[PDB]
Amino acid sequence: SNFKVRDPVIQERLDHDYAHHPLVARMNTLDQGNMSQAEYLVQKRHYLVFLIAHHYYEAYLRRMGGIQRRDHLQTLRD
Amino acid sequence: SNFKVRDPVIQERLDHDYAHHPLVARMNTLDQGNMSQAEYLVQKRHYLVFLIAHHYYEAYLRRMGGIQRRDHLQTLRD
Amino acid sequence: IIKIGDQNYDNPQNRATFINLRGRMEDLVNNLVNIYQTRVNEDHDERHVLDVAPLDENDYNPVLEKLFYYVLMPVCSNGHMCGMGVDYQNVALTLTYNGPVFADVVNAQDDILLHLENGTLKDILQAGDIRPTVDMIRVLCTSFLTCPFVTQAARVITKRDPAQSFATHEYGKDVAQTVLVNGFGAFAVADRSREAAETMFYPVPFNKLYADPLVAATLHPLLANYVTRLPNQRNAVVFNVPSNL
Amino acid sequence: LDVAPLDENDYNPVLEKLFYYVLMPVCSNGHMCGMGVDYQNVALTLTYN
Amino acid sequence: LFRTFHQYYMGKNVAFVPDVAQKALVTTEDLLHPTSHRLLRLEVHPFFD
Amino acid sequence: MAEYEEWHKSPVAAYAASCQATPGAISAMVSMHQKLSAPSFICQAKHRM
Amino acid sequence: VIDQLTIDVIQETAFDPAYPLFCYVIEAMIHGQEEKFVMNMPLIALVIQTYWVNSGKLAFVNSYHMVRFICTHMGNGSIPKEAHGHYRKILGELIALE
Amino acid sequence: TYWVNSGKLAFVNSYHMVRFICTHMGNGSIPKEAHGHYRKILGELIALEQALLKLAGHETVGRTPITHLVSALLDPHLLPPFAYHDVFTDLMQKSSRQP
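Cut-offs applied
Residues numbered from 1 in each chain as written, not as in the entry; some residues may be left out. Chains lettered and ligands numbered in written order. Part of a larger assembly, values for the part shown. Heavy atoms only, no water. Residues with missing side-chain atoms left out of burial classes, pairs and counts. Helix = DSSP H or I, 4+ residues; strand = E, 2+ residues; numbered from the N terminus. Buried < 20%, exposed > 50% of the residue type's maximum accessible area, 1.4 Å probe, protein only. Areas by Shrake-Rupley, 256 points an atom, 1.4 Å probe, with all protein chains shown as cover. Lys, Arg positive; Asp, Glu negative; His and termini not counted. Charge placed at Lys NZ, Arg CZ, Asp CG, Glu CD. Axes fitted to C-alpha atoms, helices over the stretch in contact; angles between N-to-C directions. Left-handed = near helix turned anticlockwise from the far one by under 90°. Contact = heavy atoms within 4.5 Å. Nonpolar A, V, L, I, M, F, W, Y, C, P; charged D, E, K, R; others polar. Arc of directions from axis to C-beta. 1 Å grid on protein atoms, 1.4 Å probe; cavity = no way out; pocket = protein on both sides within 12 Å on 5 of 7 lines; lining within 4 Å. Points joined across faces, edges and corners; volume = space filled by probe spheres on them. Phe/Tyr/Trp six-rings, centres within 6.5 Å; stacked < 30°, edge-to-face > 60°. Parallel < 35°, antiparallel > 145°, perpendicular 65-115°, else oblique. Pairing = 2+ DSSP bridges. Patch = residues over 30% accessible without salt bridge, like charges linked within 9 Å, V, L, I, M, F, W, Y side chains within 5 Å. Salt bridge = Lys/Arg side-chain N within 4 Å of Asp/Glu carboxyl O. Polar contact = N/O pair within 3.5 Å; in protein donor to acceptor, adjacent residues only side chain to side chain.

- Structure determination for this entry, per the PDB record, employed cryo-EM and reached 4.3 Å resolution.

Here is the structure:
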């Protein structure tokens, strides 16, 4: 541990607890390669970090698109 | 009383008033030995102090175990 | 002479061969999986390329940036300032891998400690005792896309002003400076959450206004053992800088 | 001698010395005592009721 | 940098003091007192060091 | 206690009873714990104590 | 532009034995950017508002790329008014010094 | 209950109660008016030793620095008169003077 930051204390195996999730199927799409089984679950966990961050920012641009003219003024007619 | 702290004023005989308690059966498990009858009720009272403190701390670790993932997220489905 | 490690950096035509740019988050929605490819595959002990944002010649000026660091902060803090390095891909392993952030059943306009488990984020959010909402941490997840690598030290060797170009040896015409890229300066971390800072940050003393012993003795338990073995280095003046810095 | 072990993170010999020998007897004008406790009497008051 | 941080402070046992860092703690008179040569010999020039 | 054998003799407690509450009196107790020795005096003769 | 009471606020943040570690987590994620600071302005306006009330000190005093972006880009009543005056008197001083 | 009813604050007596109220419990679970008085204690008592290290020299004599000699506030042979964590094994291993 002389060349690394100490690992955090977080409960393991988020996949078996919830999903029911489409991006967990994307987690299986990452190939193992020459990595061992224990090292694969580390890098599969890191790849989940990238998928969640890409997901919420794509939802964020839809949120900050702003209110539009035509659909709002039509609902004001009623 | 020159070598001891003065005794507190507390009502006697907690066993006959409530129990109905499993640790009071544990109080009888302590053997009398060479102690007299009046001195046994003193040391039987001291042993009840140790049983209650051990009981509530064991319940305390179950309390500070923290909320878990799998059981909580399953109840959020409904 | 910008010394990024071993290879020098002479001319601005070599800019793409030593300095990687990362612009706006909005403009990089195409190249965004390409960024994560270099977070695992490439060796970050011999990368020799630093990461910065592209500069804006109309936004900032250096003098307003320079007076904040050399003047106002060492005086108002009596010189209690240490340089800090960040392991960024170990930071976002806390925030995203949460359980309330991941699952989409939990309400977005909800408090965090109603749903969070025993981990680091229960205790990092015990330090400030802040109650953000779920979306607030969810946007902090989104910073991991354009997030930089391990904080690198680039040393800047310039020639002196032509008033002062007289020295004995040949290197005495040049005076140097270290610029800690993609790190930040920081005060003493609270002792109640030293274990969390040990699992997120590491100190780099790199400048005489920012190499302070009694701040760095919080950030890593080896340097806390370095002070108690010999008490000669409890002062900011005397304190030993690594000669590799 | 029943004493909890020393962690070198939490231990500050200089600070406790400044508190006990300097700042306390001034602010108390030298009105302080050493306090003894019978610990097994403390639980019998707090718990047994 | 955490590798360069850790190679230098690992087994260090004796700490050095430079020439210039042991002049910035001295008062205005002890540098002129004749018990000190090396603190006084290396102040040859005003502009230089 | 044997009051002839400690670093805190009788007249420290005699000063501690008649202290003032002024923050200057905090500075008196800190400057009191100079050790009256020979290589202590070098540290005060430099700074003109 | 700096009065003595503002230094009495800045210096106590330096000698804070219970400084929030969470604003290092933000400043690592922000790392001084224009667009990235806009995305988290409903968060750091709460952290300051939960640190100016729990104690008299104010946070995010580490780097120039967090002090400057608070003053010039809010101009609002998100931060308490008593706290936001200290931030203007810092950048009132630096522009005066140049 | 004690800072609101009377104008005085408790737990002044031992150090370990004073220290832990500053580091832990940054909340408003105890009021902000009384919280400053605790922080002025440790905020100054850390500043007391900084002046002590300015008289104490940069230089040493042997293995023992001069800092261990000049003031009894720095001298580790003086012990704080209440021992909750074991100091006795620290002074035996470190010192060259026999305990």
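1. Re the overall build of chain D
Next up, step 1: The helix and strand inventory of chain D stands at two helices and zero strands.
Next up, step 2: Across its three principal axes, chain D shows a C-alpha extent of roughly 40 × 30 × 20 Å.
Next up, step 3: Here chain D holds 49 residues, and 35% of them are scored as buried.
Next up, step 4: For chain D, the accessible area works out to roughly 3,200 Å², and carbon and sulfur atoms hold 53% of it.

2. Let's talk about the overall build of chain E
Next up, step 1: Looking only at helices and strands, chain E features two helices and zero strands.
Next up, step 2: Structurally, chain E occupies a C-alpha span of about 45 × 25 × 15 Å along its principal axes.
Next up, step 3: Expressed as a percentage of the 49 residues in chain E, the buried residues total 22%.
Next up, step 4: Surface summary for chain E: the accessible area is close to 3,800 Å², and the carbon and sulfur share equals 62%.
Next up, step 5: Positive and negative charge centroids in chain E, built from 5 and 5 side chains respectively, lie 15 Å apart.

3. Some thoughts on the packing of helix α1 (residues 13-27) of chain D against helix α2 (residues 23-32) of chain F
Next up, step 1: Remark: α1(D) packs on α2(F), axes separated minimally by 10 Å, with the N-to-C direction vectors making an angle of 145°. Relative to α2(F), α1(D) is oriented so that their crossing is right-handed. Of α2(F), the residues touching α1(D) (which contributes D:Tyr21, D:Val22 and D:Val26) are F:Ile26, F:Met29 and F:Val30.
Next up, step 2: Residue composition of the contact of α1(D) with α2(F), by class: six nonpolar, no polar and no charged.

4. Observations regarding α2(F)
Next up, step 1: Taken residue by residue, α2(F) has F:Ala25, F:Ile26, F:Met29 and F:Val30 as its buried positions. Projected onto a plane normal to the axis of α2(F), the buried residues spread over an arc of 150° and lie on a single side.

5. What to know about empty space enclosed by the protein
Next up, step 1: For the largest cavity, the calculated volume is near 80 Å³.
Next up, step 2: Around the largest cavity sit A:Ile10, A:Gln11, B:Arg69, C:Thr94, C:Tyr97, C:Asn98, C:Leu116, C:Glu117, C:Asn118, C:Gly119, C:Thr120 and C:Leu121, which together line it.
Next up, step 3: Residues belonging to the lining of the largest cavity are distributed by class as follows: four nonpolar, six polar and two charged.

6. Observations concerning the packing of aromatic side chains
Next up, step 1: Tallied over the entire structure, the rule returns 25 aromatic pairs over all chains.
Next up, step 2: Ring geometry for C:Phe184 and G:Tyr24: centres 5.5 Å apart, planes at 45°, overall tilted. Taken together, the residues C:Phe184 in strand β7 (residues 184-186) and G:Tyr24 in helix α2 (residues 22-30) connect one chain to another.
Next up, step 3: Using a relative accessible area of 8% as the deciding quantity, one classes C:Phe184 as buried.

7. Side note on the packing of α1(D) against helix α2 (residues 15-23) of chain H
Next up, step 1: Here α1(D) crosses α2(H) at 120°, and the two axes come no closer than 10 Å. Taken as axis vectors, α1(D) and α2(H) run oblique relative to one another. For the crossing formed where α1(D) meets α2(H), the hand is right-handed. Contacts between α1(D) and α2(H) involve D:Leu15, D:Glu16, D:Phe19 and D:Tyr20 from the first element and H:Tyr15, H:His16, H:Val18 and H:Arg19 from the second.
Next up, step 2: Split by residue class, the contact of α1(D) with α2(H) holds five nonpolar, one polar and two charged.

8. Points about the pairing of strand β4 (residues 82-86) of chain C
All names here are of chain C.
Next up, step 1: Along β4, five of the five residues are buried, which leaves the element largely enclosed by surrounding structure.
Next up, step 2: Residue alternation in β4 divides its side chains into two sets, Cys 82, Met 84 and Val 86 and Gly 83 and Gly 85, and both sets are buried.
Next up, step 3: Here β4 pairs with strand β8 (residues 201-203) via three bridges, running antiparallel. Its bridge partner being in β8, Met 84 is matched across the sheet by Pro 203.

9. Points about the arrangement of the chains
Next up, step 1: Comparison of the 16 pairs of chains in contact shows the highest number of contacts for chains C and G.
Next up, step 2: Across the gap from chain D to chain E, with no contact made, the nearest C-alpha atoms are 17 Å apart.
Next up, step 3: You won't find any contact between chain C and chain F; their C-alpha atoms come no closer than 15 Å.

10. Looking at the environment of C:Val63
All names here are of chain C.
Next up, step 1: For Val 63, the position within the fold is in helix α2 (residues 62-76).
Next up, step 2: What makes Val 63 partly exposed here is its relative accessible area of 38%.
Next up, step 3: With 15 residues separating them along the chain, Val 63 and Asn 78 place their C-alpha atoms 22 Å apart.

11. So, the sheet that holds strand β5 (residues 152-159) of chain C
Residue and element names in this part refer to chain C.
Next up, step 1: The three strands lie next to each other as β1-β5-β6, forming an open sheet whose pairing is antiparallel. Two strands bound the open sheet, and with one partner strand each, they are β1 (2-3) and β6 (174-181).
Next up, step 2: In this sheet, β5 lies alongside β1 in antiparallel orientation, the contact comprising two bridges. Within the sheet, the bridge partner assigned to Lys 3 lies in β5 and is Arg 155.

12. Some remarks on a nonpolar patch on the surface
Next up, step 1: Taken together, the side chains of D:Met35, D:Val37, D:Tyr39, D:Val42 and D:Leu46 present a nonpolar region at the surface, about 610 Å² in accessible area.
Next up, step 2: With respect to the helices, strands and loops of the structure, D:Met35 is situated in the loop between α1 and α2 (39-46).

13. Comments concerning the environment of C:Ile124
Next up, step 1: Here C:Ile124 lies in helix α4 (residues 120-127).
Next up, step 2: Residues C:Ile124 and C:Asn61, 63 residues apart in the sequence, show an inter-C-alpha distance of 35 Å.
Next up, step 3: Setting aside its immediate chain neighbours within four residues, C:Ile124 contacts C:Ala196, C:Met200, G:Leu21, G:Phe22 and G:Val25.

14. Things to note about the side chain of H:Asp86
Next up, step 1: Note that H:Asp86 resides in the loop between α4 (67-70) and α5 (88-94).
Next up, step 2: The buried charged residue H:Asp86 lacks any salt bridge, with H:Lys94 as its nearest oppositely charged partner at 13 Å.
Next up, step 3: There is a polar contact of 3.0 Å between the side chain of H:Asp86 and the side chain of H:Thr89.
Next up, step 4: Setting aside residues up to four positions removed in sequence, H:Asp86 forms contacts with D:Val3, D:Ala4, D:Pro5 and D:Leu6.

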